There are 2 protein chains.
Amino acid sequence: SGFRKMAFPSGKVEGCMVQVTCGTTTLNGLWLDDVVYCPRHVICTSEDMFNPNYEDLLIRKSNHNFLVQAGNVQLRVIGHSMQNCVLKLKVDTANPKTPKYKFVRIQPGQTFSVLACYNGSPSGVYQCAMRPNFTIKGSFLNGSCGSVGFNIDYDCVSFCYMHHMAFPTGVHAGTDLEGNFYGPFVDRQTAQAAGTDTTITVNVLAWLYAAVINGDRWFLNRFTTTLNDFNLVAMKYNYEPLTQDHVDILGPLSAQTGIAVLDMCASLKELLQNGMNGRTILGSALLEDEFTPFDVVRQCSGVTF
Amino acid sequence: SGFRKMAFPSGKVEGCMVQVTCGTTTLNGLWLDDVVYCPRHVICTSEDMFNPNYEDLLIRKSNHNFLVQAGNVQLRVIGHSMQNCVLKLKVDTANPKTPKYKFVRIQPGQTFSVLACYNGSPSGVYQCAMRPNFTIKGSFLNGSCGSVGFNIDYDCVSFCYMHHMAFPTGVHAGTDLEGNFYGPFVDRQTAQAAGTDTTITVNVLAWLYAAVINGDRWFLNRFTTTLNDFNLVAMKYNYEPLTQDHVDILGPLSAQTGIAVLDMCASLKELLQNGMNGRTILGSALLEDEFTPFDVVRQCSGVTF
Ligand SMILES: *[C@H](O)[C@H](C[C@H](C)C(=O)NC)NC(=O)[C@H](CC1CC1)NC(=O)c1cc2c(OC)cccc2[nH]1
Ligand SMILES: *[C@H](O)[C@H](C[C@H](C)C(=O)NC)NC(=O)[C@H](CC1CC1)NC(=O)c1cc2c(OC)cccc2[nH]1
């Protein structure tokens, strides 16, 4: 009953957040076993940001130049190394609150929860989608770098995002936990254009299925379409093409609700061509594309962790 | 940079969630010190729901009739008592993860985070507002009763909501943790009309201030209004009257942005009378009223817990 943008419970990730200070810069790190993972630009100065030689800057630094605090406890650094755009700080204490975890590189269209942190301390949690242009629309202030994004599956935390930078228009960019950026961005203060974003078609369809499950049906029309004729309209409206793999992924939702995927497409096609005409869908006046099919099923069947 | 509906980190509340079983019914409870708090209708049968004598039903029950599980650990019940619509189960073990906490009865217009739980296990977290008609728009399935809503202030969890029931239209109702319902509802399966809801004016104004802080200014007009002429338009549009206490509460936001509260009102008045004309505000096509002034300041100044 009801449908909300829902984040994963954040307690397993809260117990892993730490503060990392090198010189004047303080940001957040992720403490798993005896390793702290943080963005490498913590070793930069204000004037290094425009073109840092990260490898050279790291030469200057010794283990003791890294202050790592977990709450009020200082963690002794005993090894440091770079992996892509992330720093790995080996510490002499293993995090006793380490959950079962994996590092995963997510694909565009997938969603995850963000635990926004400042000074090693969690501020809030919200749900984000990795946009087709490899950005995310989050809420991050100065000092938020090192905040992570994650999914939970029973007991396993799958970390998929670490925050590195913000751009004009509330656009945020980051890396996986192996340090590789999503999309063509660098941890450098230079002109960096995010590509044009598009709407995640399969997530819109998922959210329409969620509307029917929850009672909204005014938009269900009397038509059907082929896959090809739908992707002609999607491209005109800056929607991702719908692939057969997407059709298969909506399968279980189609079976629950009795609406074949291509009938939902016909209903979507008319929403894009005529608009909503003042009406709302699940309390929204815009088509929502930040729910995956799996997000819908979770919320609607009550999957716990 | 960016603005999102943001929940509090839920880890302090996760460590308090337990499963309570009496007979066939299982729901969630909140374990603080040596006490478990849960909705009293856990002692009901399917046919008792229409008109339960809760006091009489509780006579039948003994301490051992209550199964309380925290994860895989069974907690021994050693005392039971009713307080309004909540049950208090004294247990022989004190929750070692009890945070600093208070029980608070919130006022309409205030927001809080909900930790939706099933079988004592957290499923997700999201942010809700207590509507003027004393309902909330959440996402709750069968088995969600006992899930709680809360705010966090530095280290203190202020519990303000416990979930008891759902009504047609994704409308949800519950109690404070002293067991008293918000609004005129009873824990009975009978016809129960929620009053007409209205829009929380002061939260809309807060969210407009958040838009200006974040860069959206197209809606700022060249006009001002008095308090009285604004409340004439608000009432026509099902908006709560704006009180001087609300004007004072928006004070700090007005000072940050340089927009006097009554100028924002003039800008709001024109949005209500002409609509948005296809435009969006902070990525929304509807005026949003589930951010308090304090929610805006938190998100925009980076308050941590
Ligand atoms: C890390 O705390 C910080 C997070 C930012 C502040 C956030 O989410 N809101 C501010 N990251 C940060 O400042 C980046 C620095 C490391 C990558 C080197 N830089 C930026 O985020 C940044 C650079 C630019 C820019 O360069 C030109 C133009 C416009 C905006 C911008 N933002
Ligand atoms: C507790 O798990 C459960 C939560 C519900 C199911 C939820 O959030 N989605 C289902 N609470 C529950 O079922 C309530 C029982 C205790 C108060 C006695 N009852 C209802 O929620 C309820 C009663 C009615 C009704 O009576 C007439 C008409 C329409 C809807 C309704 N819902």
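Scope of the values below: all heavy atoms of this structure, side chains included, with no hydrogens, waters or symmetry mates. Throughout, a chain's letter reflects where its sequence line sits, starting with A, and its residues are numbered from 1.
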Side-chain contact, heavy-atom cut-off 4.5 Å: [X] with [Y]?
| X | Y | value |
| --- | --- | --- |
| A:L208 | A:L271 | yes |
| B:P132 | B:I200 | yes |
| A:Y237 | A:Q273 | yes |
| A:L205 | A:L253 | no |
| A:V202 | A:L242 | yes |
| B:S144 | B:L27 | no |
| B:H246 | B:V261 | no |
| A:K269 | A:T225 | yes |

Measure the spacing between [atom1] of [X] and [atom2] of [Y] and express it to the nearest 0.5 Å.
| X | Y | atom1 | atom2 | value |
| --- | --- | --- | --- | --- |
| A:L220 | A:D263 | CG | CG | 9.0 Å |
| B:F181 | B:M162 | CZ | CE | 11.0 Å |
| B:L268 | B:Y239 | CG | OH | 5.5 Å |
| B:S1 | B:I213 | OG | CD1 | 13.0 Å |
| B:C300 | B:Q256 | SG | CD | 7.5 Å |
| B:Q110 | B:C160 | CD | SG | 9.5 Å |

Is it the case that atom [atom1] in [X] sees more than 12 heavy atoms from other parts of the structure closer than 6.0 Å?
| X | atom1 | value |
| --- | --- | --- |
| A:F223 | CZ | no |
| B:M235 | CE | no |
| B:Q244 | CD | yes |

Which pairs with one or both residues in residues 211-221 of chain B pass side chain to side chain donor-acceptor pair (under 3.5 Å), sequence neighbours excluded?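 Checked against side chain to side chain donor-acceptor pair (under 3.5 Å) - neighbours excluded - the pairs reaching residues 211-221 of chain B are B:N221-B:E270.
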
Among all residues two or more places apart in sequence or in another chain, which pass the ring-ring contact (aromatic ring centres under 6.0 Å, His included) test with [X]?
| X | value |
| --- | --- |
| B:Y118 | none |
| B:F8 | B:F305 |
| B:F3 | B:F291 |

- request: For the residue pair A:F140 and A:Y161, categorise the inter-ring angle as parallel (less than 30°), tilted (30 to 60°) or perpendicular (more than 60°).
  value: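 Rings of A:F140 and A:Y161: tilted, 30 to 60°.
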
Aromatic ring pairing B:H41/B:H164, orientation class (parallel under 30°, perpendicular over 60°, tilted between):
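It falls in the perpendicular class, over 60°.
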
Answer with yes or no whether the side chains of [Y] and [X] bring together a donor and an acceptor at under 3.5 Å.
| X | Y | result |
| --- | --- | --- |
| A:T198 | A:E240 | yes |
| A:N133 | A:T135 | yes |
| A:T199 | A:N238 | no |

Would you please test A:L287 and A:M276 for side-chain contact (heavy atoms from CB on, under 4.5 Å) and show each step?
-> CA-CA 9 Å; A:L287 306 177; A:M276 285 211 174; 3.4 Å; yes

Kindly say whether [Y] contributes a backbone atom to a donor-acceptor pair with the side chain of [X] at under 3.5 angstrom?
| X | Y | value |
| --- | --- | --- |
| A:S254 | A:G251 | yes |
| A:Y126 | A:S139 | yes |
| B:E14 | B:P122 | no |
| B:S10 | A:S10 | yes |
| B:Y182 | B:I106 | yes |
| A:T226 | A:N228 | yes |
| A:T304 | B:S123 | no |
| A:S147 | A:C117 | yes |
| A:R4 | B:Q127 | yes |

Check [X] against [Y] and note the closest heavy-atom contact, atom names and distance.
| X | Y | result |
| --- | --- | --- |
| B:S301 | A:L141 | C-CD1, 3.7 Å |
| A:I249 | A:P293 | CG2-CG, 3.6 Å |
| A:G149 | A:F112 | CA-CD1, 3.6 Å |
| B:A193 | B:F185 | O-CE2, 4.1 Å |
| B:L286 | B:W207 | O-CH2, 3.5 Å |
| A:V296 | A:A206 | CG2-O, 3.6 Å |

Exercise. With sequence neighbours excluded, give me every salt bridge (charged side-chain N to carboxylate O under 4.0 Å, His left out) pair touching residues 281-305 of chain A.
Key: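 Qualifying pairs, neighbours excluded: A:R131-A:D289, A:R131-A:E290, A:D295-A:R298.
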
Review point. Among B:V297, B:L250, B:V204, which residue meets the side-chain contact (heavy atoms from CB on, under 4.5 Å) test with B:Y209?
Key: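 It is B:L250; the other options fail the test.
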
message = One pair to check against side-chain contact (heavy atoms from CB on, under 4.5 Å): B:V212 and B:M264. What are the steps and the verdict?
response = CA-CA 10 Å; B:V212 167; B:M264 209 40 99; 4.1 Å; yes

Review point. Between B:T175 and B:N180, is a side-chain contact (heavy atoms from CB on, under 4.5 Å) present by the stated rule, with each step listed?
Key: CA-CA 5 Å; B:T175 69; B:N180 296 302; 5.6 Å; no

Quick one: do A:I136 and A:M130 satisfy side-chain contact (heavy atoms from CB on, under 4.5 Å)? Show the steps, please. CA-CA 5 Å; A:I136 86 169; A:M130 162 75 56; 4.0 Å; yes

_Those residues that, when tested against B:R105, pass salt bridge (charged side-chain N to carboxylate O under 4.0 Å, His left out) (two or more places apart)_ =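 With sequence neighbours excluded, B:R105 shows a salt bridge (charged side-chain N to carboxylate O under 4.0 Å, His left out) to B:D176, given in chain and number order.
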
